[PDB]
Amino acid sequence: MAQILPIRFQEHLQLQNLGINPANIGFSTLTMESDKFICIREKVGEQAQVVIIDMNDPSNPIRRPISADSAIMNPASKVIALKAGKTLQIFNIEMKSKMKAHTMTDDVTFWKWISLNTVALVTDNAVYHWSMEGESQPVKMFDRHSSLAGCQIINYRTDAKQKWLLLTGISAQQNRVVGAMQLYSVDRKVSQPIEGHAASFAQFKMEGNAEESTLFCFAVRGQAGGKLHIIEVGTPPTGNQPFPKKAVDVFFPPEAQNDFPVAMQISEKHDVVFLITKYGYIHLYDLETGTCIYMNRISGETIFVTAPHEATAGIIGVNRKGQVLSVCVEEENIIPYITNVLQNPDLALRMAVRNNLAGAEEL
C-alpha cells in the first residue's frame, strides 16, 4: 500500500485554462499577495491590461486596461495597488474609486502588502511603509544596507507587530545564487546583514511561558551547505524563558547542486515550516526543534510566488506553467508518519499534544 504522507497536495487551478498566456506567468507579471486573488499583467493588442482572478470565482476573471508597471491586490479586499515608476495609486475596484495616490522621490523597484492595510515600498535606497488609513503618506522605515546593492529584491516581510523587518535580495556570485538579507529592528533602529535565501517570522508560545515568543526563521544555501535557523528576535517578554536557537541542515541531493530555497511559509496552527526550493522541492520542518519531517520533489517547475493558504494553514503557490497548488499538513497522517516512518515517537507525541492532533494514542 502507498505510504501515508504527512502533507496533502491540492491543485486549485490551471491559469492556462483561463486563457492566460504563459509568457505572463512569472515573477514580474503575476502577483499573489494572498490566497484570495491572482493579478496578471498582460498585453493584448497594443493595450496593456490586468487580469484579476478571484479565487472564490476563478472562472469569471475581470480584465481591465492599465498603464502600470506593477499591480498588487490587497490580501483581503478587492483593492488594488498600481504603480508606474514613482507614481503610486490605490483603487477600490468595486467602487471604481481612487482611494489614495502618492508620487515618490525614487522609483519603487519592489513592493508588497505586509498586512491588511499597509503596503511596503522598496526603492534603490530605502524601505517605506504606507498605511491605507486616513490621509497617511509613506513613512521611511530604514535605509538599505550596502550588502543588498545590485541585488534583485525578491521579498520583504515583517513580524506581526511590525517591529522586525526583513528585506531579501539575490545575485550571482562565483557562479551561485547568493542571498542577502537585511534584518532591521524598529525599536533599536539598527540593521544586521545576513546571508539567507528565504524567511518568515512566526509567533510561538513555549510551554511554561505566559507570552508568545517572536521567532525569525530563515533558510540559506551557503558555500558550506544548506542551513535552517530558528531564532528569537529581541529580549524575551518579561516572564518568559528564552527560545533556544536552532540551526539544522537543509538537504540538497547531489544532482541539485544549483538549487536553493525560494519560499517559506509557517503554519502557526501546526507550528511547522514549509520551505520550497527553486527547482521544486518541498520540505517540512517542525518550528520548535527544526526537525525535518518531510522532503519531496513536487516537480521540475519553479514555484515563483507563494502565500499562506488560510483554509488549511498551509502554503499556496503558482509555478511557471500556471498551476496553482497548495500544500498543507495532512492532519490524520502526520503523527503516525512521524512515529512509523521517521521513527521519532518523541516528536510525534509532542506535536500530537501541542497541536491537538490524533495518532499518538499508539507510540
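All residue numbers are counted from 1 along the displayed sequence. For the two forms, the rigid core is made up of the largest set of C-alpha atoms that agree within 1.5 Å on superposition.
Stretch comparison, 132-140 versus 214-222: after rigid core superposition, larger RMS CA deviation in 8 other deposited structures of this protein is found for 132-140. Higher mean CA temperature factor between 112-120 and 83-91: 83-91, per the PDB entry. Between 158-166 and 132-140, it is 132-140 that carries the larger average Cα temperature factor according to the deposited entry.
Note on the listed residues 253, 196, 75, 193: the highest Cα temperature factor in the record is that of 253. Considering 334, 315, 62, 30 together, the PDB entry gives 62 the largest C-alpha B factor. Per the PDB record, residue ranking by Cα B-factor puts residue 236 in the highest third of the chain. In this PDB entry, residue 151 carries a Cα temperature factor that places it within the middle third of its chain's modelled residues. In the deposited entry, the Cα temperature factor of residue 205 sits in the bottom third of values across the chain's modelled residues. Placement of the Cα temperature factor of residue 100 within the chain: highest third of the modelled residues, per the deposited record. The deposited CA B-factor of residue 249 belongs to the middle third of values across its chain.
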